[PDB]
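Close look at the chain arrangement
The residues making up each chain are set out below.
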Number of protein chains: 4
Amino acid sequence: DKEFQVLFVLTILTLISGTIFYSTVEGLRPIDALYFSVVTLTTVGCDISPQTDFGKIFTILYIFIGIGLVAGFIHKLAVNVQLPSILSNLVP
Amino acid sequence: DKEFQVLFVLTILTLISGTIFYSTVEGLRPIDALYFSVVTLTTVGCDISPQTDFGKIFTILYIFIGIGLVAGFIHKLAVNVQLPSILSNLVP
Amino acid sequence: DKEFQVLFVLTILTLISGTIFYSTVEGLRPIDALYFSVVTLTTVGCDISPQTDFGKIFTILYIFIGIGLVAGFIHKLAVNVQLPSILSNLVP
Amino acid sequence: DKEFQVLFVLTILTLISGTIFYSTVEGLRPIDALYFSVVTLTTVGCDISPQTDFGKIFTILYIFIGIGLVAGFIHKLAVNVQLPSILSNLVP
Ligand SMILES: [Cs+]
Ligand SMILES: [K+]
Ligand SMILES: [K+]
Ligand SMILES: [K+]
Ligand SMILES: [K+]
Ligand SMILES: [K+]
Ligand SMILES: [K+]
Ligand SMILES: [K+]
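Residues numbered from 1 in each chain as written, not as in the entry; some residues may be left out. Chains lettered and ligands numbered in written order. Heavy atoms only, no water.

Under the PDB entry, chain A has the name Potassium channel protein and belongs to Bacillus cereus ATCC 14579.

**Digging into the UniProt feature "transmembrane region" (unreviewed entry) in chain A**
Residues and elements named next belong to chain A. Using the residue numbers shown here, the UniProt feature "transmembrane region" (unreviewed entry) corresponds to residues 6-25 and 54-74. Secondary structure across residues 6-25 comprises 100% helix and 0% strand; the distance between its end C-alpha atoms is 28 Å. Secondary structure across residues 54-74 comprises 100% helix and 0% strand; the distance between its end C-alpha atoms is 28 Å. (UniProt positions renumbered as here; feature names shortened; annotations may be inferred. Helix = DSSP H or I, 4+ residues; strand = E, 2+ residues; numbered from the N terminus.)

**Quick notes on the side chain of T42(B)**
Positionally, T42(B) belongs in the loop between α2 (30-41) and α3 (53-79). A polar contact is formed between the side chain of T42(B) and the backbone oxygen of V38(B), at a distance of 2.9 Å. What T42(B) contacts, discounting residues up to four positions off in sequence, is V70(B), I74(B), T43(C), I63(C) and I67(C). (Polar contact = N/O pair within 3.5 Å; in protein donor to acceptor, adjacent residues only side chain to side chain. Contact = heavy atoms within 4.5 Å.)

**Looking at the relation of the copies chain C and chain D**
By a simple turn and slide, chain C fits onto chain D: the slide is 0.0 Å along the axis, the RMSD is 0.0 Å, and the turn is 90 degrees. On the angle and the small slide along the axis, the relation comes out as a four-fold axis. Across chain C, the rotation axis passes nearest the C-alpha of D47(C), at a separation of 3.8 Å. (Least-squares fit on C-alpha atoms.)

**Focus: the interface of chain C and chain D**
The interface of chain C with chain D comprises 21 residues on the first partner and 23 residues on the second. Between chain C and chain D the total buried area reaches about 1800 Å² when both faces are included, carbon and sulfur atoms providing 71% of it. A per-residue breakdown of the area chain C buries against chain D is headed by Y35(C), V44(C) and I74(C), which together make up 31% of the total. At the junction of chain C and chain D, the tally comes to two salt bridges. (Buried area = accessible area lost by both parts, 1.4 Å probe. Salt bridge = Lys/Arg side-chain N within 4 Å of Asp/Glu carboxyl O.)

**Digging into a negative patch on the surface**
Taken together, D47(A), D47(B), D47(C) and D47(D) make up a surface patch of like negative charges. For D47(D), the location among the structural elements is in the loop between α2 (30-41) and α3 (53-79). (Patch = residues over 30% accessible without salt bridge, like charges linked within 9 Å, V, L, I, M, F, W, Y side chains within 5 Å. Areas by Shrake-Rupley, 256 points an atom, 1.4 Å probe, with all protein chains shown as cover. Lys, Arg positive; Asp, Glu negative; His and termini not counted. Charge placed at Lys NZ, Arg CZ, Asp CG, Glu CD.)

**Digging into the interface of chain A and chain D**
Facing the 23 residues of chain A at the interface are 21 residues of chain D. When the area that chain A buries against chain D is broken down by residue, the three leading residues are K56(A), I60(A) and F64(A), summing to 33%. The tally of links between chain A and chain D comes to two salt bridges. On inspection of chain A and its partner chain D, the count reaches three residue pairs in polar contact. Of all elements in the fold, only α1 (2-25), α2 (30-41) and α3 (53-79) of chain A reach the threshold of two or more residues within the side of chain A that touches chain D.

Put into structure tokens, the structure is as follows:
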């Protein structure tokens, strides 16, 4: 499934970029920076906000450019990969 | 309505898993753990974040795997079960 | 536009119910209770969480039953009512 | 691509309006006011809430009127402008 892999690669790259940015500029531990990237792009959010003007501007751009991609990835992780499995049982 | 029941079962199982995980690893009361699972997977969020690295990693995986499912469930709870009722009045 | 009015009425009723519930059980001012209802059902969220077990259970049910409705309402407020206006200028 | 530009213009105007409102009434720095507008309309949210009744009422209206628009803009920024680029490599 190429599109799955493609959306996966772009998401991975997006999250790597976010992890690097927030670990460097906002000073988060790598794991916390990946968490922040993930909850931002899925719109889940969390209890902290960037506190540098650079972090705020980057987050604005990051959100606008990443939400669509991660939403597409979540969609296919659910429908091209998850739906079939569901049918694997509910029909004999 | 099979698909409704199926989405319902998978959602229940997802939420049970989350309740168990967050009550065990993050140490939340069962009710708070279910709340956290629910607001996470609907992307509503809340004022607390996991504070163990295990909780953060699990939440990343949980979000990615659960959002699609709960969104589908919410869709059908609204359209295969809620829309008809609406027509039950607005047309004689 | 009937469906607009219908989605509007159901949303109003949903928000009224939320305002009453959160002003009574969580003890919020009416305006804060309406804010909480609105940011919950649009998944925007805010910096506070219900602190009674009754408020948490109600919010779980409220979210599951209301998000679909408000999403439909937001969709039509944007497409059956907002899109035409946009065309009102960008084409002579 | 006209629709892209149109959605872009309406989004810019929406965000400008939010920046002005929150910098004036809630007293946020311009950059923080734009951040608040952006995380509100993308439903990402943040760790602060308006504290004037005027800010709460405006945010209710702002959300209802803006979410649809920004969602459409995010969609096209991802599909009319981002998808082609993706094909630019994954096919020779
Ligand atoms: Cs959120
Ligand atoms: K901050
Ligand atoms: K959200
Ligand atoms: K929050
Ligand atoms: K934390
Ligand atoms: K959302
Ligand atoms: K609380
Ligand atoms: K506040």
